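J.: based on what follows, work out the 3D shape:
(one chain, ligands or ions: 2)
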Amino acid sequence: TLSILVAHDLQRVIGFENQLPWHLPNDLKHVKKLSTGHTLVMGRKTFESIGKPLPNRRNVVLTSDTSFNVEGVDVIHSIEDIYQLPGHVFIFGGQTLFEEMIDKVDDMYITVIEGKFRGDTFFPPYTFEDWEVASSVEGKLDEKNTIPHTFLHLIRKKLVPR
Ligand SMILES: NC(=O)c1ccc[n+]([C@@H]2O[C@H](COP(=O)([O-])OP(=O)(O)OC[C@H]3O[C@@H](n4cnc5c(N)ncnc54)[C@H](OP(=O)(O)O)[C@@H]3O)[C@@H](O)[C@H]2O)c1
Ligand SMILES: COc1ccc([C@H]2c3cc(OC)c(OC)cc3CNN2C(=O)CCc2cc(Cc3cnc(N)nc3N)cc(OC)c2OC)cc1
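T.: Residues are numbered from 1 along each chain as shown. Ligands and ions are numbered 1, 2, ... in the order given. Below is the structure:
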């Protein structure tokens, strides 16, 4: 099973200057809960943004750099390699990988950041015409989590004759 895992704002911004534009602890907890025990596939720039592999899960980094070899990270050099990874694979970012994989994945776990941030990287456009909302859950707010956000689980709709 192959899934997208992403947070994007009301304009589909996902990043600014190789960082998340928002500070939202709850969403990182969301990521931790969904991806723990499973596999993360991310592009080279996304990895360097995090700097280290995330614990208790397989970290896979896609890069053309044959010299890439980081402790705790498996490396792949093409998209085709993704499909031979076992278990639940989460496409973890960033913009380039999302663009390459949005037409290939079974489902998407999207955190809609209900605000407008300055960004320089975006999630590709998509329509709910093509995706069923398996679940939609408002994130709870507090003094440490102040930006409204909604957790979506979207599943690709089957094309049928009507
Ligand atoms: N949910 C979120 O909000 C979220 C999640 C993740 C990341 N982000 C953000 O996304 C932004 C980064 O996105 P990005 O598009 O600039 O970078 P990216 O997708 O993380 O990394 C791009 C790099 O991935 C490698 N790559 C991608 N496709 C490849 C292929 N087919 N074959 C070989 N290598 C491939 C290349 O690395 P080489 O150049 O080394 O070959 C490419 O330069 C950051 O701002 C980050 O904050 C946001
Ligand atoms: C306050 O609660 C926290 C704070 C930090 C974390 C820690 C953490 C620390 C751990 O060890 C204790 C651990 O072990 C199990 C697991 C985890 C899990 N994630 N963590 C991170 O640092 C990664 C955060 C992060 C993600 C993404 C991608 C992403 C973003 N969002 C969406 N929706 N999709 C996504 N593809 C991009 C980032 O930059 C570009 C980034 O860096 C800020 C966990 C919980």
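
J.: for residue 94, grab phi and psi.
T.: Reported as degrees, to the nearest 10, the phi and psi values for residue 94 are phi -100, psi -130.

J.: for the nearest residue to it once chain neighbours are set aside, give its distance to ligand 2.
T.: The shortest distance from residue 94 to any non-neighbouring residue, by CB to CB, 6 or more residues apart in numbering, is to residue 46 (4.3 Å). The way it works is simple: take the backbone N, C-alpha and C, and place the C-beta from them, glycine included. Noted for residue 46: a distance of 6 Å to ligand 2, by CB to the nearest ligand atom, to the nearest Å.

J.: SS state for residue 46?
T.: Counting by DSSP: H, G, I helix; E, B strand; the rest coil, the backbone at residue 46 sits in helix.

J.: how many other residues sit next to it?
T.: By the other CB atoms under 10 Å criterion, the neighbourhood of residue 46 contains 23 residues.

J.: residue 75 now?
T.: For residue 75, using other CB under 10 Å, the count is 18.

J.: again with residue 33
T.: Residues near residue 33, counting by other CB under 10 Å: 8.

J.: specify the beta-bridge partners of residue 19.
T.: Residues in a beta bridge with residue 19, per DSSP bridges, are residue 16.

J.: distance of it from residue 4?
T.: Noted for residue 19: a distance of 20 Å to residue 4, by CB to CB, to the nearest Å.

J.: who has more neighbours, the two?
T.: residue 4 (23 against 10).
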